[PDB]
There are 4 protein chains.
Amino acid sequence: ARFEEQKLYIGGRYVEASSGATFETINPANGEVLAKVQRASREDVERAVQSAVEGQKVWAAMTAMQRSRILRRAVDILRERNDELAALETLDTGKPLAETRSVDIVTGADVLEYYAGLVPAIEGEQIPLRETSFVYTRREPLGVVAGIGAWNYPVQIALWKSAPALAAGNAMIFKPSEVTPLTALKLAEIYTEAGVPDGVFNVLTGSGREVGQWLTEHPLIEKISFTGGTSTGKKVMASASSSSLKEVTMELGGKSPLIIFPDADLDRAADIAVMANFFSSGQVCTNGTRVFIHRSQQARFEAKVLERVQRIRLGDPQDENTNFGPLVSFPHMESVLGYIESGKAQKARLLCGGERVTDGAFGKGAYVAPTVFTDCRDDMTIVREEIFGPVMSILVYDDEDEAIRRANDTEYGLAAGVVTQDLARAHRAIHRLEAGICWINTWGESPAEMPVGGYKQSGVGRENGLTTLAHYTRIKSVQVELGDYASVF
Amino acid sequence: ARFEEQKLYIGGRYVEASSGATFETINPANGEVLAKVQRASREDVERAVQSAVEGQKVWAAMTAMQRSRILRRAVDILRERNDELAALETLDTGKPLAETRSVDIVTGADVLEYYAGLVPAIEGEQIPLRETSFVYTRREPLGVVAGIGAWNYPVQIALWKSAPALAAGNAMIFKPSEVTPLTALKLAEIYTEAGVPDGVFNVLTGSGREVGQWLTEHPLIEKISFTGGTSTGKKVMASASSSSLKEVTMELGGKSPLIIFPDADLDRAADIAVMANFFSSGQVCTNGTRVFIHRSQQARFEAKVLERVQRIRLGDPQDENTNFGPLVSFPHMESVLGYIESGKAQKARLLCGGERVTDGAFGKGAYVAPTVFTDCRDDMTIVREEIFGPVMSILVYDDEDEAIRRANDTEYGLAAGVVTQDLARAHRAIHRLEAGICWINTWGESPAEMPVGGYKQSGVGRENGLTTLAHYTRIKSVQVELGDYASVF
Amino acid sequence: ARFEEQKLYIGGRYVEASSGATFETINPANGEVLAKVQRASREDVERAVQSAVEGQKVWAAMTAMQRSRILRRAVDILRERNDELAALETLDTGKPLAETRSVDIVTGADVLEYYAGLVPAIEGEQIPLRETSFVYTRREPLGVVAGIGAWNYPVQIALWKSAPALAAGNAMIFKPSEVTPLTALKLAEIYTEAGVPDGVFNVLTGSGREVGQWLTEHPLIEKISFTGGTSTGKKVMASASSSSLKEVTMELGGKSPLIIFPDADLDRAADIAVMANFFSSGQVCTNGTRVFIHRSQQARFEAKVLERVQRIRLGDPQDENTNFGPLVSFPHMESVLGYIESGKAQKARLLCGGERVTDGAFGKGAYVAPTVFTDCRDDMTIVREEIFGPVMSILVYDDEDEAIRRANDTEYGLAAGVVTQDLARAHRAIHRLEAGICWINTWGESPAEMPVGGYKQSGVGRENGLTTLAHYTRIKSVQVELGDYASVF
Amino acid sequence: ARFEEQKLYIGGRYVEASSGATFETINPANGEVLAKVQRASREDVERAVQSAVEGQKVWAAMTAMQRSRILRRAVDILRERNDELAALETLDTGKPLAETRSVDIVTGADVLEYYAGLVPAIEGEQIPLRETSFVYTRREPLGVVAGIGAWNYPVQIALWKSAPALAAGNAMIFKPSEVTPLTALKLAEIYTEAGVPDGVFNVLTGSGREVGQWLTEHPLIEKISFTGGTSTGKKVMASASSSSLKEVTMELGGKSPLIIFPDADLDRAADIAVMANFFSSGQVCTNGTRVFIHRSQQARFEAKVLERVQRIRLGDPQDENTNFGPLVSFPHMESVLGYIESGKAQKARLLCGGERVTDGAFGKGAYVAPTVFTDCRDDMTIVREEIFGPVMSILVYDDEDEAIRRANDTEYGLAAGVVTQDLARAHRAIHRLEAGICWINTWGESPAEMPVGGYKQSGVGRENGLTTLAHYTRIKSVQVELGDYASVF
Ligand SMILES: [K+]
Ligand SMILES: [K+]
Ligand SMILES: [K+]
Ligand SMILES: [K+]
Ligand SMILES: [K+]
Ligand SMILES: [K+]
Ligand SMILES: [K+]
Ligand SMILES: [K+]
């Protein structure tokens, strides 16, 4: 009822889907139906893929600097529409305006900016073999690739995925989550306005079981990049493999440790603790959801953590003074409620919240109190499993080696971090932790330059940094024989 | 049996399997039983993993130059044992002595020697952020990895997969083909003698549906590297993915095009085409089994191909004089003979060969004659489908753009080559061919420095070159904060 | 007095010199005094050094992306002002407007644009030694650097030097040629407008022997980058070295060979010969001034050269239809004509040109006719010595090995080139040519991605490409001991 | 004389010099004439260059792995002869057998080993411009290069220079210090026994004023690599420049700061300080000769230094229990004693040593007792100038920002270090120190992987690491035009 019915974006304009079917997008701050959103048919996919083939041709026939200028011109617009975009993402996701205005488009574009400047730096190798022969390599685009996004940072992830793919000279078809489809359509508009050729960035709306699956199976898509949960990642990765051997990147979940050592400043430690857990209503995949403190310091540190959780400003995401909103959807609110009832039953001590909050307006939304449990153990459902909502488990320990031992004991391997003032301990410990994203006296900063991804079952491949751009090309080796050819026959 | 029963190799020695079962390996030249070989159990797979976990720790704790020296010592033993290992390879595969003595151990050891020099050159990055903070990255081992071998180049594949795996500080569990298990066990012996710690290279014998599967499923194995057919590679990759999101490299098959432009040296062209079809009796994955010839040279090209094929010395692979041997097995002979009958039924013109060679002793072995069809068309089964025996398909074309479009019109993408004396044409054509391994005026050479692998359904990732070494490490990113930390709560 | 008096540029504005001394800059087409220009004092050099030390701290304290955005903005302004700056370059140099509007500012800004995008890509290395020790490297700015410009491409050369220097976080003091000081001053206005901090790009006008030399001697300057003649470069590099051991870059002169092989299209070959000799009236350092023609092609080639030279449009460089202007000055013209008379005295055969053009208003300018000598020999002064005016020397050869030996028989080694259709010969001949800048079937194009500089006495170091950015940083190696320290004492 | 007359080494064997003149080499421990040594003539220089030019061709014509194997064999030989080369180095330098057996040959061979593995990793670049054009680079050998060695580490410096030069495809002519000519000749024998072609490594003995000068001036030598004092480096670098514009590398002297912060453990800070001043009897270029201690820790730091200095085992370098021998020469001893009197005369407090040791046999040798001065001031001659003997100057500071400003206030910039247990301080301070070689909580280790050399007036270029090998090649860019060529004429 609130916004007009959303169409598929294919070949540089909106087109009518050919399914007959729609879904609704719902503002989770207060249940308001934000839009009717068309669902792509299997033949819509065929059409988007044929569009991308003919478009990729156009874009890759440009010189590298012509592609860099078009991408930079898309970065200018994103800076220019920062606020109007952040307004939309907030209605779509329930995330506070104080974060969307300041992070989502700001880091989305930071990454696109970084890669736009690197287009001319994509190079191959030359290797001499003998006087009469040498080899050179070319790094070529994959062709049409496909991205499949999450609902927690919708426009940002849409940028972090398509920035490298387009910079590497690929056409991308993107599928936003059914939960949050709005700003990805806006990104498509913008890119077209930048001069990005028709077909180079198509968007298909719908569900993971339908349009997602049809994207992983399509014989003419050369790579799948996916962001989301581990159990889904497995199905997604198996589908791309068994259909046509696609190249893949997966950014998945984690249950990341944070080790406070006994020499840490505890004020620092608590700030890091609270920042690692409550930002975006605990809806960040890298969150430091397992907090280790020394036994000799659990009382003091539990003091400072409650002190700070007490003053989180829960409120309207629309409000400028809000720093904590609702969760992305109601379905997801009761998934989190289901872990908090799990923690309670398992004798885990509750230190604050745990209860859905409805006073005045709050009841028309999906609001959960920031929740903290303490005196936890390793076999607890809340300690072993990923929650994806504002729930912090706190664990006591007696020595360094034990803390590291326990930090590593997981199928997960996304992030990890340490709080100490000692040079030796800081490096020594971090070298021993099994995560791809490691922090020393900080948490959460993710620079365009820093490769990020998971160890173990949190990922395959990486995002950001120079490495990620390379992995959106394919290597062709060329051997040039300048002398005689010898045959045995 | 010609030899003693072949046992599993775990932890620097031979150990009894716990399956209660074996299989035979057979000499395809004469049907002699070479050995009985033990099948690994599920619990033997668990034993091999526990052994690799412990051994990898010891290997990783050495210096870079200590690992380098150990691997260079293994190279030295391989050069010394070249002729003996070549004689065993010839027994197990049927490949002529003239090939195993010059190619298999020479080039397998060339790659180990390459990576041994490169151990000290593996390095991370460092990226300043501001005065108060920087990042560094570590390239850490993956831990335990697994390789699954093919039967065309048994010891060479074992070396090409284990060399970068061990140079990068990992342990590998290797599963040789059931068809060809013998030389892989000898390579495990040599790594041990060289100084490689117990458990760093273990060998498990048995089948793909059983031991290949238990390897690709295991939660503690971090990466799978597999060489084999495209259909099986699809199953392997999907199992590696859906079980624990393992990293993967796939080297698969193809139907690789050779284009002979009308300005080519025709004798060079025919030398290349026969080398690209008939080396190792037509059982090389990169073979150029679609040969495009211009309409005006078809008759002259055919006479040149016929002349070379008539002087091929098919015989006993123990004779130094033989340059063309039996096929690897009797089942594989049957499949090839079926492709030959298909060619005939669909009315391609038989230029030469086209049957089993059975005169005298040859009737004991699995010998298929060097076979050339001509007047082929793109919809024929012999043209569409990988045969992996000695069958060349010659296809007529009229213009350059048509040859390249027909060359590229396949689900495969392993290799491609062009023959032309024109500078512009050579590079222009090669830049448009969609394959990872591209040759100008030559075929088949695969230098240690040159990364090799498939586009499309012919592979995922690469082997050889500087790049492949980087792909047996995982990136850890470490942000160091030296300043104040800010919290928004 | 076409323009008002031109002042020193120091600290983000124009400042009065303290010398009491000025020079006149003149238009070479007509003798018109364009402007009075101030000469920097020795006190003014000091003032510019202190200004640069302070501005560099400000520029290096910014983030990498802060610096990128500022240089990208300078590029936008250069793009807008292309036609204006070209007009002033034409006034100052005599170059046709058809060249300055297309080449000079276009290719100068291309290099700044290239480097602007790479600012965030500059990284150190990280090397693990053992569990308890690792090394990291930093690539830190050099600090204050100086560039000394040549008169043939005044603003392009100011761009090619300042761009990597600023991108790598340095401040630069630039000294334009006394012959062409006008466009360097506008570049400094542009940098300031884009937001480059005060003192990061300072410009000092006056002589090489006074102000050029005070810069090369100053103990706070870390690197000198110079473009000009070989004999001057020896003096400059010698002074930079003996004063305070500076880093140096040197882009010097040449006598570059172009080999025309007997399979070339003679229209392509003659098009390449004339471009390689007569662009910017023969005042390009990389010019291909020794043109090797096979005995069998000599007559037909000379006819095709004579034909192009007869339709060269020598005239007023303000006329868009001019493609061959006057030389930069009358002194220079005098030198050139002495070379021509030497060619005549030494019995070389004049194909065409060989005289000053004095008819109509041309007597007011420094115009020399496009000149071609043929029947030349290797011991001729016109063949041995760099002329730097529009004078081609044609030399006959009989075999390839002879042509290559003769091409390499020089103390110079800036550029070289070959024209042939043959794949094998193109690469093999170019691999044997002792020059840093090599062209197959083309001449003169110099992409921002392509490192360029001399072998032998034609240079030290390179400009452009990835490599050059690296060479405006200094390496610092940091070893972190995290374990015990052992003394033998 | 102890040994036979030493001859020039040219073309894989010893040859007679043609000067008619010798010099003597003296054992500094007892004053015995170890050997008469031939002075190379101007003409002997020409002979060595001509032999290098021919030998370089043969060496560069081998494959990368053939050169790798030959260099690795030279490593093997150096390992087996470690003890014998060590004994001869002790004779020539006076260094303790405890040092020469463990450091000099071990680490010189470590660097040779490192580069031997890297020969095959030297690659150029590939850059696509458009469909019709691309560029590739070649990294080619410089040709003939020269190394000029110092007397403090004669065989180690001979190997650190020749290793990357030979690894990159070059021949080197090497001139050892007149003070220490013996072990360089032995290295030339070992290279030839390893299979290095005749002329690839030639050795010329004699003075820098004469033979070093003849090498720096020779027009066929392409690069000079020099180790020694700053003032001599300035002359060598200027002569290399003005003669033929050679490439250069300079490793020169220093007055390197060691800053001990207040949290430092004083047992550790004192072990680092004595190892930083008295290893090699004070004769290491990177020595931490200015020791900054906080005012409030001065008293206690001084006690711990004296206690370690008192137990230094000065004695006969041929006795294994010696860990402190004579200086390299009597002239050098005389120079160190004049700095000692400068120190006294200028009223620095003598903490210990400060005279020559003349008891019994020592009076026959060149022994200066370990010396520490304290209460030193920044203007004192001992604090400003490089001494190159065993003289530590201790300096009080009061605040961090200050200690870092004092450390930096020098024209030198070779090494620096900090001792501190705090994380933020260790890294923040090192980042501000203007030195190429930086140590945290350690001193003196120089891994083969780690690029080392001087900031400011302490050097140009680097030795060791990946980057050094890169600087023993020249870049050639090759533009391949595959389409039409456009002329303006
Ligand atoms: K929604
Ligand atoms: K994984
Ligand atoms: K077999
Ligand atoms: K693929
Ligand atoms: K002028
Ligand atoms: K040079
Ligand atoms: K001596
Ligand atoms: K310097």
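Hydrogens, waters and symmetry mates play no part in the numbers below; they use all other heavy atoms, side chains included. Order of the sequence lines fixes the chain letters, A, B, ..., with proteins taken first and strands second; residue numbering starts at 1 for each chain. Each ligand, and each atom within it, is numbered from 1 in the order the structure gives.
- With 3.4 Å as the limit, B:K456 counts as an N, O or S neighbour of the K ion (ligand 4).
- Counting heavy atoms from C-beta outward, A:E411 and A:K456 have side chains that stay 4.5 Å or more apart.
- The K ion (ligand 5) lies under 3.4 Å from an N, O or S atom belonging to C:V179.
- Side chains of A:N170 and A:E222 form no contact here, defined as non-hydrogen atoms less than 4.5 Å apart.
- The backbone N or O of B:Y455 sits nowhere less than 3.5 Å from a side-chain atom of A:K476 that would complete a donor-acceptor pair.
- Among the atoms of A:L245, an N, O or S atom falls under 3.4 Å from the K ion (ligand 4).
- Side-chain contact, C:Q283 with C:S280: no donor N or O sits under 3.5 Å from an acceptor N or O.
- With a 6.0 Å cutoff to the six-membered ring centre and a 45° limit on the axis angle, B:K161 does not count as a cation-pi contact of B:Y472.
- The K ion (ligand 2) has no N, O or S atom of A:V460 closer than 3.4 Å.
- Metal site remark for the K ion (ligand 5): C:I26 contributes an N, O or S atom at a distance under 3.4 Å.
- At a threshold of 3.4 Å, the K ion (ligand 5) has a backbone or side-chain N, O or S atom of C:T25 nearer than that distance.
- Neither side chain, A:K255 nor A:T410, offers a donor N or O lying under 3.5 Å from an acceptor on the other.
- Residue contact annotation: B:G459 places an N/O/S atom under 3.4 Å from the K ion (ligand 4).
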